[PDB]
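Have a look below at one chain only, the form deposited in one PDB entry, in structure tokens format.
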């Protein structure tokens, strides 16, 4: 009943004396509303009807944005958690697209099966499953393995089975339900589906329907009230909550935003259990997202060593002028 996004890491302190200057940078709280939007992500409750792609098009049009992208395609009839990264935050979806997801599904059986048998057989689907993407898909139709982290049956009303399921990204629930029906012998189809979790995003007070999103927008635009629309948009830092982090010194920030790789002497703090090749989020000591990168060292190697490239910086999100140039020749 837990996904990889729920597993927490210990913080390893490399430099205890490292502190941050309050005059530099823009932490989420200090961002003016216009800047907040530029580096924002919406935890959208998608309605049934439109495709996820159309919904993003609608958001772009209504909020007058040049750029937006979602964290994984929900089907037209499917509702629920759709992370929509905005403007300068658009590329953060690369941390969201391959992330674990949770669904609540309604399965309709084509025959009568005892409740204990349903529970028993559905338990057998936890673990690795082999799927081929359906004729209607956005990816290559080849056999591939996907992980089902957990299945929890909530309730059964005759042929209708309501269940929660945690899956690896790109797991087709309609196909999963089809094979459960085959394992039960009678056959089954998916009648209803809702996404309840997408990476770090879930059903909390930040989850917002299109109705509330646009209404809060006009409360700002036309009423002059910023508070509601501010809470409608999450800082891009939220889209990075599930990733291992390296916290860097002020004097290393501008260098990274200007294209430098992250060397060992720039690290103040870091999460434990980082392996070579892992995707890490480079953060300031104010918890601003600076960049995404690939670890060239393990957590222990970053902590013990005094020299060398710790993180290969790949995607810079922070503007160059938030922190002053503090590097030397």
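Positions refer to the first chain, counted from 1. By rigid core we mean the largest C-alpha set that fits within 1.5 Å across both forms.
The next section is about a form of this same protein that is not shown, the form deposited in another entry.
Visitor: Fit the core first: which of 90, 196, 131, 206 then shifts its CA by 2 Å or more between the shown form and the other one?
Guide: Single residue meeting the criterion: 131.
Visitor: Please determine whether the C-alpha atom of residue 225 is displaced by 2 Å or more between the shown form and the other one following superposition on the rigid core.
Guide: No; that C-alpha moves by less than 2 Å between the shown form and the other one.
Visitor: Superpose the two forms on their rigid core, then report whether the C-alpha of residue 145 is displaced by 2 angstroms or more between the shown form and the other one.
Guide: Yes, the C-alpha moves 2 Å or more.
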